[PDB]
Each structure stands twice: as C-alpha cells, then as structure tokens.
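K.L.:
Pasting an experimental structure, sequence included:
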Amino acid sequence: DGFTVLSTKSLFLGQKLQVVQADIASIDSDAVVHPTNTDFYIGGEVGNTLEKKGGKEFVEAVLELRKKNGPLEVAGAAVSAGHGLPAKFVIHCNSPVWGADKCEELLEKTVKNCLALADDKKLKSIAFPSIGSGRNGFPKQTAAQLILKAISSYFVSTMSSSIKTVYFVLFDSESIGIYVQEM
Ligand SMILES: Nc1ncnc2c1ncn2[C@@H]1O[C@H](COP(=O)(O)OP(=O)(O)OC[C@@H]2O[C@H](O)[C@@H](O)[C@@H]2O)[C@@H](O)[C@H]1O
C-alpha cells in the first residue's frame with residue numbers, strides 16, 4: 001500500500017491533524033513515532049515495520065541511542081536519526097501497557113512528550129501510530145481517542161510551536177474499521 005486521507009481536523013491555530021491510512025514507515029514526515037519500552041526493544045508492530053523498511057541502519061541508530069540515553073523512563077520520548085527511512089527522525093516513546101495503573105493518563109502524557117520533543121527540534125510535521133494498541137494491548141478505540149485528545153490538548157495550551165501538521169496513521173483493519181464506523 002498505499003495512502004488515503006480519512007479525516008482532517010483543525011487544531012487550535014489551524015494546524016492540521018490528519019487521520020490517514022498508510023504504513024507509517026512509508027510516511028516522509030520530519031518525525032515518525034516508534035512505540036517501544038524502557039530497553040528500546042524494537043519488537044512491536046511499528047518497530048517491526050520500521051526495521052523492515054530501514055534495516056540495519058535503523059537498528060544501529062536505536063542501539064546508539066540506547067547507549068547514549070540509557071533506559072527510557074516512563075512516558076519518556078527520545079529521538080534518533082531516521083536512517084534507512086523517509087522520515088527525517090524517529091521519536092521513540094515508552095508506551096504504557098494496557099492494565100498497568102494510570103495507563104490512560106500515561107498514554108496522553110507520552111504523546112505530549114513526543115510533541116514537545118518535535119517542537120524542541122523545530123520539526124514541522126510528526127506522525128503517530130496508535131501507540132499502545134498493538135503489543136501493549138490497548139483497545140484500538142481507547143488508544144486512538146486518548147491520542148487524538150492528547151494532540152488537541154497540546155495545541156490548545158502550547159502558544160507556539162513549529163508543528164504545522166500531525167498525522168495519525170492507521171494501518172490495521174480493525175483500527176481503520178472502528179475509526180470510520182465510529183465517526
Ligand atoms: N505499518 C504500520 N503503520 C502504522 N501502524 C501500524 C503498522 N503496523 C501495525 N500498526 C499498528 O500500530 C499500533 C501500535 O502497535 P505496536 O507498534 O505494537 O505498539 P504498542 O502496542 O505500543 O507496543 C509495542 C512495544 O514494543 C516493545 O516491543 C514492547 O515492549 C511493546 O509491546 C497498533 O494499532 C498496530 O495495529
């Protein structure tokens with residue numbers, strides 16, 4: 001595949017939130033978001049697609065980041081170069097596990113931290129997948145509404161802010177099916 005725009009929303013200053021159907025690895029935004037864990041394990045669904053696309057270049061960048069950063073703190077966001085990928089940078093986030101205490105709040109928090117990091121690097125665009133709803137077990141709709149809520153909230157409260165466009169990237173048929181059905 002593949003690229004379809006499914007929904008577009010105006011954020012607080014008219015910045016655009018686009019929900020799109022695509023493989024996130026194929027998106028050429030300034031940043032793409034990789035949901036990972038404290039050890040930067042590259043074995044979630046999105047991690048596997050980034051590794052498929054970027055190969056060794058991608059993996060060694062993640063390793064170098066783990067060595068420089070140390071373990072990724074709860075809800076933490078960190079950035080590596082997008083070697084092997086269309087995206088300029090990869091923002092790595094410590095994705096909460098469904099069922100862990102305060103897991104919804106932490107999902108919101110991690111999203112905002114990814115946005116702050118992109119802003120700190122003066123990035124114009126950032127692509128999020130449905131963080132938490134793969135290997136970490138969130139229900140797809142719950143994950144998606146938390147992420148979209150957290151992006152909107154960021155832009156209401158952030159004065160500015162270099163981000164022009166936010167992509168919310170859906171790939172699995174269940175997520176797409178529920179997004180479209182329930183909207
Ligand atoms: N090519 C793709 N593009 C965009 N989204 C995709 C793609 N493939 C799958 N997805 C969707 O990405 C969402 C996030 O899933 P994961 O990447 O598995 O992320 P998460 O559930 O947060 O957890 C992965 C994490 O990686 C570590 O190995 C592990 O500690 C943790 O489980 C899911 O809805 C999944 O269907």
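P.N.:
Looks like it arrived, so ask away. Numbers count the residues shown, from 1 in each chain.
K.L.:
which other residues reach the longest helix along the chain?
P.N.:
For the chain, the helix that runs over the most residues, judged by DSSP state H, is helix 45-69. Residues outside helix 45-69 that contact it (C-beta atoms under 8 Å, 6 or more residues apart in numbering) are 23-26, 32-36, 39-42, 78-85, 90, 92, 129, 134-135, 171-172. No exception for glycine: its C-beta is placed from N, CA and C like everyone else's.
K.L.:
And the residue most central in space within the chain, how far from residue 46?
P.N.:
Nearest to the mean C-alpha position of the chain, by C-alpha atoms, centre = their mean, lies residue 128 at 2.8 Å. Here residue 128 is placed at a distance of 10 Å from residue 46 (C-beta to C-beta, to the nearest Å).
K.L.:
What of residue 66?
P.N.:
Residue 66 is 17 Å from residue 46, by C-beta to C-beta.
K.L.:
the more surrounded of these two?
P.N.:
More neighbours surround residue 46 than the other of residue 66 and residue 46, with 25 against 19 (other C-beta atoms under 10 Å).
K.L.:
what's across from residue 168 in the sheet?
P.N.:
residue 19, residue 128 (DSSP bridges).
K.L.:
since we're on it, how many residues are nearby?
P.N.:
21.
K.L.:
that older thread, in contact with the residue nearest to the centre of the chain, which residues are there?
P.N.:
By C-beta under 8 Å, 6+ apart, the contact set of residue 128 is 33, 111, 114, 147, 151, 166-169.
K.L.:
Just the buried ones out of the residues you listed, please.
P.N.:
Buried by 16 or more other C-beta atoms under 10 Å: 33, 111, 114, 147, 151, 166-169, out of the contacts of residue 128.
K.L.:
can you narrow those residues to ones near the ligand?
P.N.:
residue 169 (C-beta under 6 Å from any ligand atom).
K.L.:
and of the buried ones among the contacts of residue 128, the nearest to the ligand?
P.N.:
Nearest to the ligand among the buried ones among the contacts of residue 128 is residue 169, at 4.7 Å by C-beta to the nearest ligand atom.
K.L.:
I am finished for the moment; much appreciated.
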